[PDB]
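# Observations on the three-dimensional arrangement
One-letter residues, chain by chain:
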Amino acid sequence: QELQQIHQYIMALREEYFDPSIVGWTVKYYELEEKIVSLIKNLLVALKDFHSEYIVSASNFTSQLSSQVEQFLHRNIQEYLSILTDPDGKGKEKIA
């Protein structure tokens with residue numbers, strides 16, 4: 001939005017403090033300025049769609065990948081319980 005304000009400020013100066021030879025020669029310059037401002041504003045608008053597209057995927061992959069840590073933690077909890085449990089028996093078979 002600020003681009004239009006800047007463009008209007010720039011265009012107004014051409015006449016506020018100056019008296020160009022012919023007014024009709026200024027409007028073509030204004031039209032070219034509007035072309036360029038439209039280009040810049042189009043780029044700015046286009047940024048937002050790409051940003052949303054990236055954000056949705058980033059959040060989805062964050063949630064999906066982050067969930068794997070809990071499964072590994074559960075495996076570690078199983079190992080912790082196993083160590084808390086005392087071993088027995090199977091050593092004799094292995095030594096035989």
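Residues numbered from 1 in each chain as written, not as in the entry; some residues may be left out. Part of a larger assembly, values for the part shown. Heavy atoms only, no water.

Its PDB record attributes the structure to cryo-EM, giving the resolution as 9 Å.

Moving on: the overall build of the protein. Assigned secondary structure in the protein consists of 4 helices and 0 strands. Element order for the protein, N to C, with α for helix and β for strand: α-α-α-α. The globule rule puts the C-alpha radius of gyration for 96 residues at 12 Å, and the 35 Å found for the protein is more than 25% above it. Oriented by its inertia axes, the alpha-carbon framework of the protein measures out at about 110 × 20 × 20 Å. For the protein, the proportion of its 96 residues judged to be buried stands at 6%. Total accessible area computed for the protein in this model is approximately 8900 Å², and 63% of it derives from carbon and sulfur atoms. (Helix = DSSP H or I, 4+ residues; strand = E, 2+ residues; numbered from the N terminus. Rg over C-alpha atoms; globule rule 2.2 N^0.38 Å. Buried < 20%, exposed > 50% of the residue type's maximum accessible area, 1.4 Å probe, protein only. Areas by Shrake-Rupley, 256 points an atom, 1.4 Å probe, with all protein chains shown as cover.)

This next bit is on the packing of helix 1 (residues 2–16) against helix 2 (residues 24–66). One way to put it is that helix 1 packs onto helix 2 with a least axis distance of 10 Å and a crossing angle of 165°. In terms of orientation, helix 1 and helix 2 fall into the roughly antiparallel class. Two packed elements cross with a definite hand, and for helix 1 against helix 2 that hand is right-handed. When helix 1 is examined against helix 2, the residues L3, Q4, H7, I10, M11, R14 and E15 are found in contact with a partner set consisting of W25, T26, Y29, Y30, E33, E34, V37, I40, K41 and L44. Along the lines of polarity and charge, the residues of the contact of helix 1 with helix 2 split into 9 nonpolar, 3 polar and 5 charged. (Axes fitted to C-alpha atoms, helices over the stretch in contact; angles between N-to-C directions. Parallel < 35°, antiparallel > 145°, perpendicular 65-115°, else oblique. Left-handed = near helix turned anticlockwise from the far one by under 90°. Contact = heavy atoms within 4.5 Å. Nonpolar A, V, L, I, M, F, W, Y, C, P; charged D, E, K, R; others polar.)

Taking 1.5 Å per residue, 43 residues should reach 63 Å; helix 2 reaches 63 Å between its end C-alpha atoms and fits that length. When helix 2 is considered as a whole, its buried residues turn out to be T26, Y30 and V37. Residues of helix 2 that are buried make contact with helix 1. (Expected span 1.5 Å × (residues − 1).)

Right, let's talk about a nonpolar patch on the surface for a bit. On the surface, a nonpolar cluster with roughly 510 Å² of combined accessible area is contributed by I36, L39, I40, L43, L44 and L47. Relative to the assigned elements, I36 resides in helix 2. (Patch = residues over 30% accessible without salt bridge, like charges linked within 9 Å, V, L, I, M, F, W, Y side chains within 5 Å. Salt bridge = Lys/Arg side-chain N within 4 Å of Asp/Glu carboxyl O.)

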